[PDB]
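These notes concern the structure reproduced below.
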Number of protein chains: 2
Amino acid sequence: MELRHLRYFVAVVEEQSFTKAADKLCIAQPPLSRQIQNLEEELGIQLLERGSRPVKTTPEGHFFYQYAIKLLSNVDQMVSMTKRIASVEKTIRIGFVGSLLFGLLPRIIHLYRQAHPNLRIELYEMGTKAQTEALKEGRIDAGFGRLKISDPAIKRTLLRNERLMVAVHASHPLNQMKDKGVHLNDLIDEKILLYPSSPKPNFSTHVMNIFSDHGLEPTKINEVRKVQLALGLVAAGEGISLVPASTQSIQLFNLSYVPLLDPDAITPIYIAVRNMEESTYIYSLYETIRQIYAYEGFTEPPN
Amino acid sequence: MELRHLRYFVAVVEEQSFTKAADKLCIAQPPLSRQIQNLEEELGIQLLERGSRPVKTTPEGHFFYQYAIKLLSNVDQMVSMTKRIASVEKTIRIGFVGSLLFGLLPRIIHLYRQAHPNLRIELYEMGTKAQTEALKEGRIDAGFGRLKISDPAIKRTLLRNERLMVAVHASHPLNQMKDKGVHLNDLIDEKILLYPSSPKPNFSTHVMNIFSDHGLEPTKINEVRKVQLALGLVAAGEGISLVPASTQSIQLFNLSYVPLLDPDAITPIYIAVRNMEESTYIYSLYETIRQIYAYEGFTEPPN
């Protein structure tokens, strides 16, 4: 009834002794009968003789020695034979923070898509927390995000430092300084719109740290589900909001973007991958980012 | 790694549901996942889904399905195979004519073999005459042949009359008769290819007999080592050939087989043994023919 009852029988025959029988794979001494007897007197057979020195093969049991080593080798043949199959070939899984969709990300993916028309590219928008979990659980192969990951099991790389801008309605007093810029210090009175109210830590918290980081803690906040909502509420004159430079892909009537002069009013973009990562597909993706940056006149991240 | 992992997998696929899946023997309900994953995430495989109604099989996990009905049935026929034994020390040697490999003989032999997993079977290909000499000398135990043998020492039985047909090139006027059929008389003017050229008296002589018995003696004649040569040469347009019906196992582009209409244009198939032959084994060979013949619809030979 079991495959375990057949490896045990091989051990008694092929060793041709009792004084020497520990040579194969994980073997004891006491249950070298209880494992054999279940096989024997159940459906109705009795195999070897017990059992002088050395062992001689038996009429009924020797054929059982012929058919067992073949029936055993079949499962180890047909497993590995079942391995011989992969579906939709090689796949590359990529996690990312939605905020990046307004940046160079889609374009980067497009080129990696062309250079590798061979493989399947899956794209999941997930937070940094989730990306960490996904990378370590092998669910994704690479992640893009805004904030650092503390976790020795992941390697992170800064790709570029991105500039933070203030979103304001056109007729806002701050807009007078559109051509030079304001400092963070100027914003602390304004009703501020943070986003996205969703899996922490996200861009919301990042902004808050930037203020903390600068000795500012503004107590006129309103957290809001997402960016377009914030930009919308802002273009309706609810208040202001901090946004990454790339978000300038969204132009609403009477919505103005003002730079921040504070040298460190910056949001970063990292790539993270599994710690011991060698895959040519990842390196290629990497070199693709490098290729695209090269184009934009941006600095290049090193090997 | 165990037969247990195969007895639980069949109980889900053949049942098509998780609501009711217990048509087999001795199966629980809570451990319906721990006993399934042991086979998979150890050697590294992924199979079925989890799990809508009804559960559909996956491409990779469908290759596992067959084999799982082949190896579980190797264990189920293992119980009803080892009680058949009679201890390997007796060899049965069988003599046959090359011709007979295109018909029931191999199928015959396989089945016999399966009835007697204890016996060692040796198959020697030899002309009906060497067979006759070999049987008397005891160097073979049963002989299958086309030709008849005048010997008191031999005991011959007619297994069945096999039909003759005409190998023709597709573009031959006679191919027009593929469904009705031709008479030996239609063949005289044609070039006939005969086979084999070997120690006489062989299938060539048989064909020559069949013609003269019907009063016909054709002169446009050429012998040829083997049937492959006859047929293949016919495919090239070097003439026509007469073959056992069973030789339609070989098929070749623009080789076409035409049936003969002369009720006696037959080739017979005999078994030969020693006269005073009484071995259960030969009796057992013979009953195997009777089963194999019953299957295919052919008339059985007597007792």
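For segment A:162-268, just say rounded, prolate or oblate: build the C-alpha gyration tensor, square-root its eigenvalues into a ≥ b ≥ c, call rounded for a/c under 1.5, and beyond that prolate if a/b exceeds b/c, oblate if not. Walk me through the numbers on the way to the answer.
Working: a/c = 1.37, a/b = 1.09, b/c = 1.26.
Verdict is rounded for segment A:162-268.
What do the square roots of 5 times the Cα gyration tensor eigenvalues come to for chain A, in whole Å, largest first, as semi-axes of the equivalent ellipsoid? Please list the in-between numbers first.
On the way: eigenvalues 949, 84, 53 Å².
Over the Cα atoms of chain A, the semi-axes work out to 69, 20, 16 Å.
How would you rank B:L233, B:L159, going from fewest to most other Cβ atoms within 10 Å of each one's own Cβ? Let's see the in-between values first.
On the way: B:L233 18, B:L159 21.
Final ranking by Cβ density, sparse to dense: B:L233, B:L159.
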Rounded to whole Hz, the Karplus (6.51, -1.76, 1.60) HN-Hα couplings of segment A:35-52, x for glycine and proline: 6, 7, 5, 4, 4, 5, 7, 8, 8, x, 9, 8, 9, 6, 9, 10, x, 5
Gyration tensor (alpha-carbon) shape descriptor, segment B:38-194, a/c threshold 1.5: oblate
Shortest-first distances to equivalent copies, position B:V88, nm, label 7 Å out along Cβ: 5.1
Within straight-line cross-link reach of A:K200, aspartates and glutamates at Cα separation under 17 Å, skipping those fewer than 8 residues along the same chain: A:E125, A:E133, A:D151, A:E223
Using alpha-carbon coordinates, inclination of helix A:280-296 to the longest axis of chain A, degrees: 10 degrees
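Below 8 Å between Cα atoms, with a sequence gap of 6+, how large is the relative contact order for chain A in percent?
Details: 425 pairs, mean separation 61.1, N = 303.
Relative contact order comes out at 20 percent.
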Exercise: per-residue mean of other protein chain Cβ atoms within 10 Å, A:78-85: 5
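Quick check on the protein assembly as shown: helices-only [θ] at 222 nm, where DSSP H runs of length 4 and up contribute -39,500 (n - 2.57) each and the sum goes over total residues. Nearest 500, please. All intermediate terms of the calculation are to be shown ahead of the outcome.
On the way: 16 runs with 194 residues, N = 606.
Result for the protein assembly as shown: -10000 deg cm²/dmol, rounded to the nearest 500.
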Residues with amide H under 5 Å from that of A:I221, placed H, sequence gap 5 or more: A:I192
Label point 7 Å beyond Cα of A:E137 along Cβ direction - residues of segment B:24-67 with amide nitrogen under 17 Å: B:50
Coarse-grained scattering of segment B:109-183 at q = 0.11, 0.15, 0.24 Å⁻¹, given as base-10 log I(q)/I(0) from a Debye sum over alpha-carbon atoms: -0.52, -0.74, -1.13
Whole-Å distance, taken between Cα centres, linking segment A:247-288 and segment A:1-78: 64 Å
Segment A:162-268: relative contact order as a whole-number percent, Cα under 8 Å and 6+ apart: 51 percent
Segment A:1-87: Rg to Rh, with Rh as the Kirkwood radius over Cα pairs: 1.03
Nm distances between copies for B:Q16, ranked from closest, using label points 7 Å along Cα→Cβ: 5.5
Copy-to-copy label separations for B:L261, where each label sits 7 Å from Cα toward Cβ, in nm and ascending: 11.4
Simple label model, 7 Å out from Cα along Cβ direction - A:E122 to A:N222, nm: 4.0 nm
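Based on the Cβ-Cβ distance of A:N275 and B:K180, what FRET efficiency does E = 1/(1 + (r/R0)^6) give at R0 = 51 Å, to the nearest 0.05?
Calculated transfer efficiency: 0.05.
Give me Rg over Rh for the protein assembly as shown, both radii from the alpha carbons and Rh done the Kirkwood way, two decimal places.
Working: Rg = 41.4 Å, Rh = 33.5 Å.
That ratio is 1.24, to two decimals.
Between A:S198 and B:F18, take the C-beta separation as r, use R0 = 35 Å, and let me know the FRET efficiency to the nearest 0.05.
On the way: r = 35 Å, r/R0 = 0.99.
Between A:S198 and B:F18 the formula returns 0.50.
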DSSP-defined beta bridges in segment B:163-303 - what % are antiparallel, rounded to 5: 60 percent
Antiparallel %, DSSP beta bridges [both residues in the protein assembly as shown], to 5: 60 percent
Pairwise label distance in nanometres, B:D189 with B:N209, each label 7 Å out on the Cα-Cβ vector: 3.0 nm
Helix axis angle, B:4-13 relative to chain B longest principal axis, alpha carbon, degrees: 80 degrees
Distance in nm between pseudo-label sites at A:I266 and A:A245 (7 Å out along the Cβ direction from Cα): 1.0 nm
Flagged links, alpha-carbon separation over 32 Å, of B:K129/B:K220; A:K24/A:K136; B:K129/B:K178: A:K24/A:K136; B:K129/B:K178
Listed residues A:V12, A:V166, A:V234, most fluctuating in chain A (Gaussian network, C-alpha, under 10 Å): A:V12
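Every residue, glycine as well, gets a Cβ built from its backbone with ideal geometry; the counts of neighbours run over all protein chains shown. Computed from the coordinates by the stated procedures, all read-outs in this text should not be read as laboratory data.
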